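Take a look at this one chain, the form deposited without the ligand, written out in structure tokens.
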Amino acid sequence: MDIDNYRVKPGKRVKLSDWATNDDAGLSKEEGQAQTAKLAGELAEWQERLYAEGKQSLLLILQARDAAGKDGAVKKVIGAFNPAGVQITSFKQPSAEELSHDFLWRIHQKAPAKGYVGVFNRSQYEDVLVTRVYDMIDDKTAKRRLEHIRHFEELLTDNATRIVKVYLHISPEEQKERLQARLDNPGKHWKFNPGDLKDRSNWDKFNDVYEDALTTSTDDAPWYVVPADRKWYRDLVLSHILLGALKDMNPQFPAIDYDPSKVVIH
């Protein structure tokens, strides 16, 4: 497995049909879950360094369709982090006050602080995805919003915020099984709403608008297309993506302004 195969290279447009949805890198579910359990300890060690250093931050942006596994990815992979060094925002429909501001006003407020890991379950890209499929905004407006999103991600990059954007890529048949699974089990009768089905019927248009959203992939702010049909593979690949980012960020523990040998505890 080369994780870089899943990175949208700069300047190269995307046709989601070209990325697989059910990769497994030649591993069994047990071999994958075991490797994920090991990376969890690594993710915890490096997130502590990030927080102790207090110079950098990591922003994970999760975008995916219903039942693709973003809530399940947060619970497993992001759960390896110390919750005191993490901030998770799930952006719902814009409120009245939020609509009275530019579309990035509410997004910028949740940008992560130094030393923290930030996660955007749904993010600023919602304003050029669902807003286009249902013709709330026109193509002219959408392209201009995409330019504003790049400039926004560039601002955070110069602020030492390492941006990582991940798209969870699943097939329609897999979603159908997962959605039917919510309807089948009496305990999950609450993550399904007549409205997930509306977006599903617009599968092909979401392919197009996502392909547009993915053109923001740069060296400093990359998009990753993660085959998510196998939940354990989603978790494993996301673990590799975040750990490699933290290792490249290479946080160091902070200096001290005292001589430990001269300290006498009374």
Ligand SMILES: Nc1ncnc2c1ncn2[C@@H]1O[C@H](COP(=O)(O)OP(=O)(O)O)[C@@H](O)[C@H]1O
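Residue positions are given as counts along the sequence shown, with the first one as 1.
*Asks:* What stretch has the higher average Cα B-factor here, 252 to 260 or 12 to 20?
*Replies:* Mean CA B-factor is higher for 12 to 20.
*Asks:* On average, which has the higher Cα B-factor in the deposited entry, 139 to 147 or 102 to 110?
*Replies:* The recorded data point to 139 to 147.
*Asks:* Checking the entry, which one of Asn82, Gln180, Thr89, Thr157 has the top C-alpha B factor?
*Replies:* In the PDB entry, the greatest C-alpha B-factor among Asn82, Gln180, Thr89, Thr157 is found at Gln180.
*Asks:* Tell me, please, which of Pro94, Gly118, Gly115, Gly195 has the highest C-alpha B factor according to the deposited entry?
*Replies:* Among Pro94, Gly118, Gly115, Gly195, the PDB entry lists the largest C-alpha B-factor for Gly195.
*Asks:* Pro222: which third of its chain by C-alpha temperature factor?
*Replies:* Its C-alpha B-factor belongs to the lowest third of this chain's values.
*Asks:* According to the PDB entry, is the CA B factor of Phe206 in the bottom, middle or top third of its chain, that is, lowest, middle or highest?
*Replies:* Ranked within chain, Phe206 CA B lands in the highest tercile.
*Asks:* For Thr131, does the deposited CA B-factor place it in the lowest, middle or highest third of the chain?
*Replies:* CA B-factor rank for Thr131: middle third.
*Asks:* Comparing against every modelled residue in the chain, figure out the third that the C-alpha B-factor of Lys191 lands in (lowest, middle or highest).
*Replies:* Tercile = highest for this residue's CA B-factor.
*Asks:* Sorting by Cα B-factor within the chain, modelled residues only, which third would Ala67 end up in: lowest, middle or highest?
*Replies:* As the PDB entry reports it, the C-alpha B-factor of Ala67 lands in the highest third of its chain.
What comes next is about the form deposited with the ligand bound, which does not appear here.
*Asks:* Where does the ligand sit in the bound PDB entry: which of 216 to 224, 53 to 61, 230 to 238, 28 to 36, heavy atoms within 4.5 Å?
*Replies:* So the stretch in question is 230 to 238.
*Asks:* Spell out, yes or no, whether the shortest heavy atom distance between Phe152 and the ligand in the bound PDB entry is within 4.5 Å.
*Replies:* Residue-level check for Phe152: no, no contact with the ligand.
*Asks:* Any of the heavy atoms of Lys188 lying within 4.5 Å of the ligand in the bound PDB entry?
*Replies:* Contact with the ligand, yes.
*Asks:* Mark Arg122 yes when one of its heavy atoms lies within 4.5 Å of a heavy atom of the ligand in the bound PDB entry, and no otherwise.
*Replies:* Yes.
*Asks:* When the contact criterion is heavy atoms within 4.5 Å, does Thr131 count as touching the ligand in the bound PDB entry?
*Replies:* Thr131 belongs to the contact set for the ligand.
*Asks:* From the list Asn159, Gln93, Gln109, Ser100, which entry has a heavy atom within 4.5 Å of the ligand in the bound PDB entry?
*Replies:* Exactly one listed residue reaches within 4.5 Å, namely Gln93.
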